[PDB]
4 protein chains.
Amino acid sequence: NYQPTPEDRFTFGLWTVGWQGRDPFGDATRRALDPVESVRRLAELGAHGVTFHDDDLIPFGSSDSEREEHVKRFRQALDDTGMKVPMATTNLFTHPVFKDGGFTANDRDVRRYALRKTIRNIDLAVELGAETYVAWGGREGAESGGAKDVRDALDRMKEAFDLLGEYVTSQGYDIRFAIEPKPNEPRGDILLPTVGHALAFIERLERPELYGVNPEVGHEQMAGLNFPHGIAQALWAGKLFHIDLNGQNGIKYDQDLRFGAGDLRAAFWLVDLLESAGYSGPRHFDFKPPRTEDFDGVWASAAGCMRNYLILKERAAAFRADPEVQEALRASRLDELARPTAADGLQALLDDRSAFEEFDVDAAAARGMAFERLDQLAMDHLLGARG
Amino acid sequence: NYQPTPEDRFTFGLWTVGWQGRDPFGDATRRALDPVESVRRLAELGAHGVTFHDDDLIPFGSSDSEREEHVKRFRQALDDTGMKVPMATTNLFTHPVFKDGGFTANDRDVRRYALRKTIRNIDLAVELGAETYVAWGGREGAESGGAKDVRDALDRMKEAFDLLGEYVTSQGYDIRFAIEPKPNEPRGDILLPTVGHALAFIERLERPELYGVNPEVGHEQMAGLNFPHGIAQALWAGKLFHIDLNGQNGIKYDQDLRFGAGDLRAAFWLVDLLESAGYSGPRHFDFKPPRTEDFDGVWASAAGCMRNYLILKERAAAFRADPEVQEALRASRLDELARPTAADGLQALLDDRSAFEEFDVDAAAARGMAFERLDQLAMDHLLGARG
Amino acid sequence: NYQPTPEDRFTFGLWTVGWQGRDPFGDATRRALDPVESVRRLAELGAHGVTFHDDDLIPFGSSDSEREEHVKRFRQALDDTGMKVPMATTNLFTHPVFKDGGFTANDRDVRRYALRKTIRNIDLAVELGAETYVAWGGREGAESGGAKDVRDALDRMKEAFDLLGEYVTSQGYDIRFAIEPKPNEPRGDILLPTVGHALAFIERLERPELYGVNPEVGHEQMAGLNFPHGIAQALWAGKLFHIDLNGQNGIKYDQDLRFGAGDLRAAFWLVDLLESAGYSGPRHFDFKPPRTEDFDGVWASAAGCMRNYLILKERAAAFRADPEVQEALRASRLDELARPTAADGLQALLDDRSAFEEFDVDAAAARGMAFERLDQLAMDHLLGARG
Amino acid sequence: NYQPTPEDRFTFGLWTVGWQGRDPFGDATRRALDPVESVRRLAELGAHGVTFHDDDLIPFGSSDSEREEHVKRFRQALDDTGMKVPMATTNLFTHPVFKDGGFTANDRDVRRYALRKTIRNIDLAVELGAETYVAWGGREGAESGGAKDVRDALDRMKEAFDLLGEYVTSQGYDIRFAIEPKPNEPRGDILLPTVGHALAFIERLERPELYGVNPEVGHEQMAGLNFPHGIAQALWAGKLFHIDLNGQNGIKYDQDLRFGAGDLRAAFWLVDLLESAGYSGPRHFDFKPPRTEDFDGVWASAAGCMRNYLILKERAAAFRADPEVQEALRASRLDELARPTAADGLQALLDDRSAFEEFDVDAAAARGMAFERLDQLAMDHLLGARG
Ligand SMILES: [Co+2]
Ligand SMILES: [Co+2]
Ligand SMILES: [Co+2]
Ligand SMILES: [Co+2]
């Protein structure tokens, strides 16, 4: 079992399976992939669609004629396979002109070029049917304190995103924006480093309803944070527009391992949350097949992404449907957590002697929470060791 | 030189110099301090004021009569010294009843008790002249994934803070609330773990103008984040109500070292930012004199907090006033960062061929940013090695 | 299934299930446990034995008469249950006299007291049948650079361990020493912070054959290290005398979660290594039942430690016995890794043109390693999703 | 002042100032540097010498004739400038053939090629006058647990280093080997991840006296470790053959910032230790000028490396020469730390009632260590704020 179907909404970036294995210390170990072949190979694996940076699809500096031919070859592959394009984004980090950022580069003319390069690809994204446009400000940041006034940089970041919102509104486009946070790498520190910082920034834009987040498993874990906890706050705010699934082994460089690798229990609690909250967006894999692999290992790693999600989905469903677990959840008072603290109102709480004057603090302190039994039941379900 | 004066607005928590040295592996190494003696000793050192948890001032379970005597003894010490009380907060973490949290405990009756305990101390804070009321949700969190539905917990957290805002409004109190984030410890993960998460949460309250943040140097660094960067976003949003100054040596347990210790360059860039942005609030030290020290080392460590701030203030002022630095800032185009990207508007940017069609991407890519020369000038100023 | 038996050699410290829930921010949530009841309760759970600090068994400052009665009550419980005592250790960290360390305290008279306190408990350990004596230097370290000359401290550390080795040799005791490394907490930095540093230090003692390591899962992970990798180097050196099993969620305070929690895949690879290398020592759990739990949750958490080990043992055995895995291991050339690089000798390697002059570097570069397929087979086995 | 002279023994790798700015997300921002020009430019800056990988000097795949011309052009630049070559090393990480390692690659023929490539460059190093040969096993490691049997890998690592030692002995070469540890990146985990693991491994080689360590500031800090503490253990063992100086801002990707940047207080305590222990080897800078910089910023960053060392040297000397500091060191009993615990021997310690039976544990517990006053004196000296 555990066979993906386009109904599962699994998507892959062209840059993921297409990664050649260039890391900061070694040359590429794999030849470049034609975007057309990647689309065909992913379709055979059961994927729902692909995503792209502008420069993944149209090589940098291409003429409007060559650009025309690239889009046509790509769209023919989409038609031949039934693959969708739910998301697109801009490469504002590879070319040396972006070495100090795009939207927040110190040089004003670089910032204007970064906006024009973005707007050009929004047009293409809408043509191809994308519903979400992702922004990863990988070069927005600094290695030293004096190089960037962060208040001025946030002014420039806000100005860029308002202008992009004004453009999609004036064009009548049906597309939303999602910010993909990352705490560091390639810059020493990157602006808007976590999901929380991105959510706070969004509330200061002119049209906040146009903007959400695209959190990535590995990036929040590069700051040692609880990724399921962060996704829950994003859902609670109504801002989970998209999500990047992969693996990461703690606080170190951005590994981009296949989903399921890294923190396995965190992946279980993530799928539990996404499935019970009814997240209906794409399940997007932003990962890198290790450079030890040939092309056969590339497709095996991409297949593993989808397989691990489906296994975890099965185990999280069985966990929540188990009547013994439902009983344990009541023993830990998860049901009381969901009830209002004071629906009777402030004045009733103040006049309630059972809440303070006559509250038996020692009797309440004595109640065990029963969390460890519940967590071992979750472990048994994850490992398939219930019976 | 480097002598503090109450005009410098340096404050200390009673729990800081009063810490007895109890850590998870060892007994206390110092006897308890009378709050009256701490106020007198801090006044002699040049401090501006003190802060307190309710249970620092009035021992838990005290009668209304003993409580009366404690407040009176305290206020007499404030009058004898001229010390102020700019901030107060609630202890919702020491007593075993709070072992699963206060505002977000699974048990509903514990949540109601936590609200009543808080409201009682808001009354006392206003009486004593506090302008800011701090909330540190140290027990709001979890060690395992099934123990806490984070969406429900955020519902309960929002409900608590709205009720507190409704109370201070109905009483006509002139006091604001500040959330002090912490990523972990004592809980495995703590809700609202960074300044960003706290800022985002605040925008969902009913009266957001009543709530800001109280970031602590060490806590953002426990997630490997750039503390000056986070303070800048808090200032940019208008939410820096208060700040906790200390030291921390990277990602590990919460050290609470004296300010200046830990990341020294981060402390320099922090003081630069606070002084140039015109932060006018208290400079509050939330620190622990190491348990290796006797009472003489306690007062030496508290004196060092204030000394290091004043030295860093002098060096950051000299850095910004140096005409060679002002020249280097222009060489790195910090002046262009502060200018609007597109004050001419979206339509003018789209019709501007110098921004894309005729932009010389290679000429712009060739410009060095000159950041390293600027950063060595900052190092020379920090070390007093200019000449 | 998954029922422990004393044949599985599972052991627990008295301080583990006996932990009262005192953390740096809150009072104890559980009453103290009689060591006799802990022995009886662990025997019922299927445990093989217990371990103890001197001060866990005999309260500090006890007379030789009360000490006599404590040992007698304890030994009667061991006889009534069949429980063993394979390991003992000294508490050189709780009492305030040890606030700057024991073996490496700056004060010479404290160092001499620390040696005498240790020697007294070695006598008791041998009487009770312990084969390993563990040393955790939790207070050996510093919060600041000038407080400790590390070369002098290592001189004092070496002097202490040589003296202990001279004592057990002169007494004819059959006991070995094991060092338990920890990188930090409670001290800002702790000496001998990892398994590697401890192994290197041991080679400088007078009788190195008497000393090995007692690594703990959580402690190596507090430095972001690969715990299975560290255990493999300890086995390779012949120094794995003992091991502490628990869980930890990355780089933060020492969590001491039940084994299986934390990094689940790391726990799988650990059990694989221990079982295939034929580690025959105790499987010791150095963990803390969370302070949210009552006594029922304490025993459930201890039962979970043993259960998770037995599940992981089953899955690692099935992984290694799978002929498809054995085939994949050959596809990744694990068999070639085990063969000598140059058994033909140096001169034969130099005269071998197939090793350099005629080596086809591009043909070898093209071979995929097939690691991702192998790792997904390990994931399928871990999750019980093979079929 | 603060002007370097070749007497200060400052060295730079050709790959440092020669770094083109290729990181995992962006193209190079600087053109390649001729090794001859780098030697001339570093000589003008006051450097003592340079170091090189084989492939830095002789491009990969070069004929024996072109190789001859490269060495000749290089040696002429050394003669024209007076620059020395104290250290050389092998590139066993860039070419795709090394994607699973060199000495510990699973494929046996790759391991033999890696040994031959190394031996060829040892010949060149000795010709050029190098005294130390550095080994950085950047590709020795794994991303997943099943890919590498670490015991077998350590067997292959030991076999490689013994063979290299047999070669330099048979040739009568006067050169030593130094291992440069790194915990991760580019591999998920790297073998021998810290200075401690490298020191322990060395004691298992056939000729341990031939091997030491080359620790790097940033690498130990990528595991959150205290770099001065690790250097002290390396000195204590007699194994500090060489050292790499740079900066790093905590646990994240390998930043390789200029020395002085990153953890400034750690850099102060490092220079204090190196200068007081009489380290006489090269002061080598393994750093990367940020890719934001042009060639002018490259030379400014390299000049800053040497400047910051000389400033820190001055401040550490003034700290140790201050009679008030010498007094504070006695107040903290640093003098007692250096005295033997029990030069009177074991039997005298056992018969000494002042060490246990009559030891006043409470009087000793009451003595403050006075560490905070001492550490603020060190801060005052570092900042030049004594007077
Ligand atoms: Co990533
Ligand atoms: Co703190
Ligand atoms: Co532990
Ligand atoms: Co490095």
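Since every read-out is calculated from the coordinates, none of them should be taken as a lab result. Every residue, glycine among them, receives a Cβ derived from its backbone with ideal geometry; neighbour counts consider all protein chains shown.
Give the percent of DSSP beta bridges with both residues in chain A that are antiparallel, rounded to the nearest 5. Counting only bridges with both partners in chain A, antiparallel ones make up about 15 percent. Note on D:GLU275 and C:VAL36: their simple-model spin labels are 6.4 nm apart, each label 7 Å out from Cα toward Cβ. Applying a DSSP loop filter and a limit of 15 other Cβ atoms within 10 Å to the GluC sites (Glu not before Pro) in the range D:296-387 leaves D:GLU357, D:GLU358.
Considering only DSSP states other than H, G, I, E and B, which trypsin sites (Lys or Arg not before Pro) in the range B:1-59 qualify as loop sites with at most 16 other Cβ atoms within 10 Å? Of the trypsin sites (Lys or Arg not before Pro), the ones in loops of the range B:1-59 whose Cβ has at most 16 other Cβ atoms within 10 Å are B:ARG22, B:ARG31. Near B:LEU128, once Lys and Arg are set to +1 and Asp and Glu to -1 for all other residues with Cβ below 11 Å from its Cβ, the sum equals -1. The Cβ shell under 14 Å around C:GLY278 holds other residues with a net charge of +3, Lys and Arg each +1, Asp and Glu each -1. Binning the alpha carbon pair distances of the range D:255-303 at 5 angstrom intervals from zero yields the distribution 5, 18, 23, 22, 17, 10, 5, 1, expressed in whole percent. Antiparallel DSSP bridges in the range C:123-235: what percent, to the nearest 5? Within the range C:123-235, antiparallel bridges account for around 20 percent of the total. Computed from backbone phi with θ = phi - 60° and the Karplus coefficients 6.51, -1.76 and 1.60, the 3J(HN,Hα) list for the range C:282-299 is x, 9, 9, 9, 9, 9, 10, x, x, 6, 6, 9, 8, 5, 5, x, 4, 6 Hz; x is used for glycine and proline. Placing +1 on the Cβ of every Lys and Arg and -1 on the Cβ of every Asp and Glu, with nothing else charged, gives the range D:284-387 a dipole about its Cα centre of roughly 580 debye. Placing a label point 7 Å from Cα along the Cα-to-Cβ axis, B:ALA318 is separated from the same position in the other copies by 1.0, 6.9, 6.9 nm, shortest listed first. Charge tally around C:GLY13: other residues with Cβ under 11 Å, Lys/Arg +1 each, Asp/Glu -1 each, net -3. Angle of helix D:150-170 to the longest C-alpha principal axis of chain D, folded into 0 to 90 degrees and rounded to 10: 80°. Placing a pseudo-label 7 Å from each Cα along the Cα-to-Cβ vector at C:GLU66 and C:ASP79 gives an inter-label distance of 2.5 nm.
From the gyration tensor of the Cα coordinates in the protein assembly as shown, what semi-axes in whole Å does the equivalent ellipsoid have, largest first, with each one equal to sqrt(5λ)? It would help to have the intermediate numbers written out before the result.
Numbers: eigenvalues 403, 340, 264 Å².
With the √(5λ) rule applied to the protein assembly as shown, the semi-axes are 45, 41, 36 Å.
Among C:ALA200, C:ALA365, C:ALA47, the largest mean-square fluctuation in a Gaussian network model of chain C, built with springs joining Cα atoms closer than 10 Å, belongs to C:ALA365. For C:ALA32, the point set 7 Å out from Cα toward Cβ sits 2.0, 7.4, 7.4 nm from its twins in the other copies, listed from shortest up. In terms of surrounding Cβ atoms within a 10 Å radius of their Cβ, A:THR94, B:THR194 rank from fewest to most as A:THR94, B:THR194. Across chain D, the relative contact order, built from alpha-carbon pairs under 8 Å that are at least six residues apart, equals 14 percent. If the limit is 31 Å between Cα atoms, which of A:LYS72/A:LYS117; C:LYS84/D:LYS182; A:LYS72/A:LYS288; B:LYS182/B:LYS313 go over it? Result: C:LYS84/D:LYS182 exceed 31 Å.
Would you work out the Kirkwood radius for chain C? I mean one over the mean of 1/r across all pairs of different Cα atoms, in Å. Don't skip to the answer; put the middle values down first.
Working: mean 1/r = 0.0436 Å⁻¹.
23.0 Å is the Kirkwood radius here.
For the rotational copy relationship between A and C, the axis lies nearest to a chain A beta carbon, identified with its distance in whole angstrom as A:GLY384, 2. Among beta bridges from DSSP that stay inside the protein assembly as shown, the antiparallel ones total about 15%. Legend: mean number of C-beta atoms from other chains within 10 angstrom of residue C-beta atoms, peptide A:18-31, equals 5.
If you wrap the range A:243-347's Cα atoms in a convex hull and average its projection over all directions, what's the area in nm²? Don't skip to the end; give the middle numbers.
Working: hull surface 40.4 nm².
The orientation-averaged projected area of the Cα hull of the range A:243-347 comes to 10.1 nm².
Loop only by DSSP, 15 or fewer other Cβ within 10 Å of the Cβ. Give me the GluC sites (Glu not before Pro) in the range B:154-208 that pass, ordered by residue number. Before the final figure, lay out each step's value.
Working: sites: B:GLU159, B:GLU166, B:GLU203, B:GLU206; in loops: B:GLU203, B:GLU206.
Loop-located and lightly packed - B:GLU206.
By the compact-protein rule of thumb, 2.2 N^0.38 Å, the alpha-carbon radius of gyration of the range D:111-218 corresponds to a ratio of 1.07.
Applying 1/(1 + (r/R0)^6) with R0 = 30 Å to the Cβ-Cβ distance of B:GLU209 and B:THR5, what FRET efficiency is obtained, to the nearest 0.05? After rounding to 0.05, the efficiency reads 0.40. Mean-square fluctuation check for chain C, GNM, Cα pairs under 10 Å: which of C:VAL271, C:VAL36, C:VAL85 is largest? Maximum fluctuation in the GNM of chain C, among the listed residues, is at C:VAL36.
Normalise the Cα radius of gyration of the range A:118-172 by 2.2 N^0.38 Å (N = residues in it) and let me know the number.
Numbers: Rg = 14.2 Å, N = 55, 2.2 N^0.38 = 10.1 Å.
With N residues counted in the range A:118-172, Rg over 2.2 N^0.38 Å equals 1.41.
Compared with the rule-of-thumb size 2.2 N^0.38 Å for a compact globular protein, the range D:290-387 has a Cα radius of gyration ratio of 1.79. Each copy carries a label point for D:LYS72 at 7 Å from Cα along the beta-carbon vector; from one copy to the others these points are 5.6, 9.4, 10.1 nm apart, nearest first.
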